[PDB]
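Colleague: got a sequence here, can you build the structure:
(10 chains, ligands or ions: 11)
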Amino acid sequence: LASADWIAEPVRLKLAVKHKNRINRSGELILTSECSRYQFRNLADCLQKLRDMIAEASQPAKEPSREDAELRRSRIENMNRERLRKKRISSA
Amino acid sequence: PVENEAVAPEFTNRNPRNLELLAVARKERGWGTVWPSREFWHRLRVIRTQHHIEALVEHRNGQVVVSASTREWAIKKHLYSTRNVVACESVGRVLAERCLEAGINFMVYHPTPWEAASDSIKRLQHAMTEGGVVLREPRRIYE
Amino acid sequence: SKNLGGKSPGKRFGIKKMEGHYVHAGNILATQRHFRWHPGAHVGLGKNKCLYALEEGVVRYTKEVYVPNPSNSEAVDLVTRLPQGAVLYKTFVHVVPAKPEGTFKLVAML
Amino acid sequence: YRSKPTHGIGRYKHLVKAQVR
Amino acid sequence: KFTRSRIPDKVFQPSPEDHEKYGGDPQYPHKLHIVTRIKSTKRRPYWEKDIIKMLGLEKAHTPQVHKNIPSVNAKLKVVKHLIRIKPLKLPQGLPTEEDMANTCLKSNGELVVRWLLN
Amino acid sequence: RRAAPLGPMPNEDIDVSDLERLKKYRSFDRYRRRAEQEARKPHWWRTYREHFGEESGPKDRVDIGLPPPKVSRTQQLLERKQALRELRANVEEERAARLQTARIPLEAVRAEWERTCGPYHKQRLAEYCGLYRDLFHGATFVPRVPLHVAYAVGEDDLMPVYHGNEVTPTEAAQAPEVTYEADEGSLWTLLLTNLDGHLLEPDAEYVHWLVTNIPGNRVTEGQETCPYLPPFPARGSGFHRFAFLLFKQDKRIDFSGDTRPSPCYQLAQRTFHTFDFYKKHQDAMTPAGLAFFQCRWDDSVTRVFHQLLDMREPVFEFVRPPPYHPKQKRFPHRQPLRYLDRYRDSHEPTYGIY
Amino acid sequence: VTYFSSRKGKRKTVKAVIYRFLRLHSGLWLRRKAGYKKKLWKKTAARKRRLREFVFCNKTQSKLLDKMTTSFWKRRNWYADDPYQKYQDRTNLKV
Amino acid sequence: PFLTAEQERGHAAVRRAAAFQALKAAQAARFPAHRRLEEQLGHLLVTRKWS
RNA sequence: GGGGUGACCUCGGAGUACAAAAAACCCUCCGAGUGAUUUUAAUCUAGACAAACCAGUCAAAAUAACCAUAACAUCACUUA
RNA sequence: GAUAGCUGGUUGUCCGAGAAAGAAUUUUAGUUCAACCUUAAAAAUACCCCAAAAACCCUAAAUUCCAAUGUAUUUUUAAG
Ligand SMILES: [Mg+2]
Ligand SMILES: [Mg+2]
Ligand SMILES: [Mg+2]
Ligand SMILES: [Mg+2]
Ligand SMILES: [Mg+2]
Ligand SMILES: [Mg+2]
Ligand SMILES: [Mg+2]
Ligand SMILES: [Mg+2]
Ligand SMILES: [Mg+2]
Ligand SMILES: [Mg+2]
Ligand SMILES: [Mg+2]
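Modeller: Numbers count the residues shown, from 1 in each chain, chains lettered A, B, ... in the order given. Ligands and ions are numbered 1, 2, ... in the order given. Pasting the structure now:
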């Protein structure tokens, strides 16, 4: 990803930020497909995934919409843990 | 290769709270004919005796995880008339704080139709909700 | 002559799976006309009072206390009319799950 | 069941009756 | 209706005189059963027929050796009215591999190891 | 055929005759209490707990810990009754309770709780979370002394570590501050163990911070046997448990086998067995403090895996068992057309010879 | 069934079975549930779905339909955009 | 009896399993016999004359 | 229990058929060929009951709309 | 060479295995399915089955489901 010069620097930064879960420790972004039995269709799926990622990181109108059914639990947990984190005592 | 790179793909998580926190654990669906429903991970139980009030948070196996009782000296010495609505709201607040400390944020409450319309239990539920402990345990993923 | 209509086949109301049988999800455990066996853990209740397994496991039959729904007026009235030492017991059917919910497999060491 | 030692464990109609000189 | 028959346990409780009556040891039970089929399984229920077939007692008046375990004792109790049961006696010990071909089972229920020497 | 009950029947004690003179409960709550009390008794018939794991019923737990504080029960009850009478003698408290406008000193409540009955609640919470089951396997202790552990997230941000809390590895990156009341004549040992996270052995645990020979309360003065290591839980398998155990010791324990190097980045060297550790140091050490918390994967675990451990980040997944399908029949009678799709290997047309 | 015709001397086939049945190449016969269009206001949604669902035939009925049909209806058909082309074959049948 | 119900548990199980395996093998060995050249070439011997 | 006359022909409940299921008679008794009300009650699909076949029955998960905690329409012996 | 669910007749030897009826039917003098049985072929569990388990007012002989064990039988596939 860092050596990919056919994409702009903000696009590369947005890729490295969003898709860091699929980025190797050597900086190699890796996509994988297993849907079809044909390597032709598998490569087509990988290329389509890359196109979607490039378009999402290139468009500036991205609002970063999040779900609710799976995020309410995390929100409640974050609130309930900050309710304890709110202690204010200097240390270190 | 790297001596630390051994992975043993079959990863075993001996934590009994792991799947419960991941919301993929097997809830106890079932009875439907008896009351209350045993389909939960944690359950709030409020016992209002003629003298004291006891709010427990039990697991499905029946063990009490975290409890707040007016019989405890900490609330007994700080509170007068350990039976009244003030005491019920107090024990609700203390139980909410203790649940936040223990790391339990979700539980169910199945009161009787006459206990749900009462004044003490309404204030206890409000205090438990304001303390961070939210009722209505999340739905099990792939139930 | 005078007695008519007495001819009707049996509805096969009975117990399908006995204790110890390894069943799967959806397997009907027992069918009944009236409530003879009550569902317990991981045992659903159809609208025809039939009992089916919700998980895959071993069927068990137990005798357990009966606490009815506070809205079922007949049962609550019987409860409040019972003496001070009486406790209602019923025969419940449970399914003890054998297979775990899932395992943690290594998918990618990146 | 009839032949089981736990027969009549749900027997309850003898505890309530719901049917002077 | 004619069904199977449940036999209570009091039937199989030996009395202190039955040992002396039948020549049994009151302390240690025998080890092996010699079962022979005396009656036919005709005019008998199919479950009795099947028990007599799985016991290897198809041919009549031919003895068969079985264990003294409750598993086979159950079937022997089921068909006890068609068989004669004796204890297998070994006056000269178990037949070894050099005495297998010179053995015989006497009518009184003993298995001689050296039968008709020379 | 009839059989005799193998014990007492449930409703055989009350008299069936003369039911009108017998007292009844007119309260569904009374009946529910009676039923929940009768359901916890060890009946002689097949019950629900016997099949669904009462955990061998009653168990004789070995107590490895400090004795309870010997207090005068009579004087305690006397002073408690005096305090209650003094509290009830007021009139403003009665006015507040009548008007339903009264607050509670939650801080003082928590202090008194951890002073008198907090240890037992922490013990039962650890028993529920399975700390003793994986640390000693046969023995549960009572945290007699308290243990306040806190991570510093910034300059004024202090996140506490209670019994079972959730702490993010980003907050747990640095070594925390521990506090506990102790006189200047005793020695303590602190051990941070990760129960879940060992990739190779399931029955083993990881070390994160082991520091022994603590003079009184000064934890920084004591020699750290194992340098602090941030939590590194895998991405797939989440919610590992990290437990701080505090042991009180008598003698100045010295050991060269349990010592770790200054880097201490080898997972083979950072493999612990608290059972064997306590078996080795059972003569002097006695556990008195405990504080465990939950921890899942975050964006700092990749950094901890790459920079510190010099590894590749292992990613797991919660897979489910495949769905059960019966043996495929030659002529599936009255089955829907989708019966043939349940046994399809792949949704791709396969032309054999064409 | 006309086993020997009068004009050609061949074996004829009944048209009712081809009008109300469908033969997959694997030997299975597909049919509709009887009564899936009668009194739909009187039936439950579950029963209506059961009636709308297709169903297979058992071995005896399948052999009967094979006897009543000729060999022209047991051939391999490669239709353009055939919905049942995925079902024309059988997979993982361990007999 | 000689042995009790608890003592006779599984005392003869390997032998039963081996007997069932022998039965299965005897049933699975079913196949048509070999056809050899002699079976076909011996039919010419019906016309063996004296020269 | 010869035909004729008389009676019946389909569905459900109880006894016969005492405890898994099934079980006949021109055997003994009840009934049905629908009413009332609103919560107007969906799609898709694992796995099962029952059954010669045709038919009859349940039902987890996933989907759209309502509490963001139920939806099996209810009652009339509910079974017809 | 009308048609007969009706009656009568149906021609060498020996050997192997071998069936008494549940449901529909202008059907009960007959047919078509099921359950049995025959002939081949694939397999693996098949009967016997101690605990334990199967309802509520009283209820017998005994049933259902199951280890072990004693035997070798059973289930599917293709023709019937
Ligand atoms: Mg009837
Ligand atoms: Mg009938
Ligand atoms: Mg006291
Ligand atoms: Mg007559
Ligand atoms: Mg007439
Ligand atoms: Mg069936
Ligand atoms: Mg659903
Ligand atoms: Mg003619
Ligand atoms: Mg006829
Ligand atoms: Mg038994
Ligand atoms: Mg068996």
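Colleague: near residue C:27, how many other residues are there?
Modeller: For residue C:27, the neighbour count with other CB atoms under 10 Å in any protein chain shown is 17. No exception for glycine: its C-beta is placed from N, CA and C like everyone else's.
Colleague: neighbours of residue F:206, just the number please.
Modeller: Count around residue F:206 with other CB under 10 Å applied: 21.
Colleague: can you tell me the closest non-neighbouring residue to it?
Modeller: What sits nearest to residue F:206 in space, not counting adjacent residues and going by CB to CB, 6 or more residues apart in numbering or on different chains, is residue F:194, at 4.0 Å.
Colleague: now do the helices in the chain.
Modeller: No chain in the question, so chain A it is. Using DSSP state H, the helices of chain A run over A:9-18, A:39-58, A:72-85.
Colleague: chain B was what I was after
Modeller: Using DSSP H, the helices of chain B run over residues B:18-22, B:73-76, B:85-102, B:119-130.
Colleague: can you tell me the residue of chain G closest to chain A?
Modeller: The minimum distance from chain G to chain A, using CB to the nearest CB, falls at residue G:91 (13.9 Å).
Colleague: report the separation between the closest residue to RNA strand J within chain G and residue G:70.
Modeller: RNA strand J sits closest to residue G:60 of chain G, with a gap of 4.0 Å, by CB to the nearest atom of the strand. Distance of residue G:60 to residue G:70, given as CB to CB, to the nearest Å: 20 Å.
Colleague: do the same with residue F:20
Modeller: For residue F:20 relative to residue G:70 (CB to CB), the value is 85 Å.
Colleague: cool, and residue G:80?
Modeller: On the measure of CB to CB, residue G:80 and residue G:70 end up 24 Å apart.
Colleague: have a look at these two and say which one is more surrounded.
Modeller: residue G:70 (14 against 5).
Colleague: enumerate every residue touching the residue nearest to the more buried one when sequence neighbours are not counted.
Modeller: In this structure, residue G:70 finds its nearest non-sequential neighbour in residue G:13, 4.3 Å apart by CB to CB, 6+ apart. If a contact means CB atoms under 8 Å, 6 or more residues apart in numbering or on different chains, then residue G:13 has G:1, G:68-70, G:72-73 as its contacts.
Colleague: just the buried residues of the residues you listed.
Modeller: G:68-69, G:73 (16 or more other CB atoms under 10 Å in any protein chain shown).
Colleague: can you flag which of those residues belong to helices?
Modeller: Filtering these for helices - DSSP H - leaves residue G:68.
Colleague: list, one by one, the residues from chain D near chain F.
Modeller: Counting by CB under 8 Å from any CB of the partner chain, chain D comes close to chain F at D:2-9, D:11-12, D:14-17.
Colleague: farthest pair in those?
Modeller: D:3 and D:17 (29.4 Å; CB to CB).
Colleague: tell me the helix or strand right after the particular helix or strand that has residue F:98 in it.
Modeller: In the assignment (DSSP states H and E), residue F:98 maps to helix F:92-99. Under the assignment DSSP H and E, the closest C-terminal helix or strand after helix F:92-99 is helix F:106-116.
Colleague: what helices and strands are in contact with the next helix or strand after that following helix?
Modeller: Note on helix F:106-116: by DSSP H and E, the next helix or strand toward the C-terminus is helix F:118-129. Helix F:118-129 makes packing contacts with strand B:64-69, strand F:286-295 when contacts are defined by 3 or more CB pairs under 8 Å, 6 or more residues apart in numbering or on different chains; DSSP states H and E.
Colleague: and the contacts of the shortest one?
Modeller: Think strand B:64-69. B:42, B:52-59, B:75, B:91-92, B:94-95, B:98-99, B:102, B:104, F:121, F:124-125, F:128.
Colleague: residue F:10 versus the closest residue to chain B within chain D, what's the distance?
Modeller: Closest to chain B within chain D is residue D:10: 13.3 Å, counting by CB to the nearest CB. Using CB to CB, we find residue D:10 at a distance of 10 Å from residue F:10.
Colleague: of those two, which one has the most company?
Modeller: residue F:10 (22 against 17).
Colleague: over to that one: give its phi and psi.
Modeller: Torsion angles at residue F:10 (phi, psi; degrees, to the nearest 10) stand at phi -60, psi -50.
Colleague: for residue G:82, grab the count of nearby residues.
Modeller: Neighbours of residue G:82 using other CB under 10 Å come to 11.
Colleague: how far away is it from residue G:21?
Modeller: Residue G:82 is 17 Å from residue G:21, by CB to CB.
Colleague: what's the answer for residue A:64, then?
Modeller: Residue A:64 is 56 Å from residue G:21, by CB to CB.
Colleague: so between those two, which is more surrounded?
Modeller: Per other CB under 10 Å, whichever of residue A:64 and residue G:21 has more neighbours is residue G:21, with 18 against 6.
Colleague: from memory that one sits against residue G:65, does it?
Modeller: Yes. If you go by CB atoms under 8 Å, residue G:21 and residue G:65 touch, sitting 6.0 Å apart.
Colleague: ok, now which ones touch the one residue in chain C that gets nearest to chain G?
Modeller: Residue of chain C nearest chain G, by CB to the nearest CB: residue C:47 (10.3 Å). Counting by CB under 8 Å, 6+ apart, residue C:47 makes contact with nothing.
Colleague: next, it: secondary structure please.
Modeller: Recorded secondary structure, residue C:47: coil (DSSP: H, G, I helix; E, B strand; the rest coil).
Colleague: now residue C:61
Modeller: strand.
Colleague: how about residue C:107: what's its closest non-neighbour residue?
Modeller: residue F:317 (4.7 Å).
Colleague: from residue F:11, how far off is the residue of chain A at minimum distance from chain G?
Modeller: Closest contact between chain A and chain G, by CB to the nearest CB, is at residue A:37 (13.9 Å). According to CB to CB, residue A:37 stands 67 Å off from residue F:11.
Colleague: okay, the two: which has more neighbours?
Modeller: residue F:11 (20 against 12).
Colleague: element containing that one, please.
Modeller: Counting by DSSP H and E, residue F:11 is found in no helix or strand.
Colleague: how much space separates it from residue C:84?
Modeller: 11 Å.
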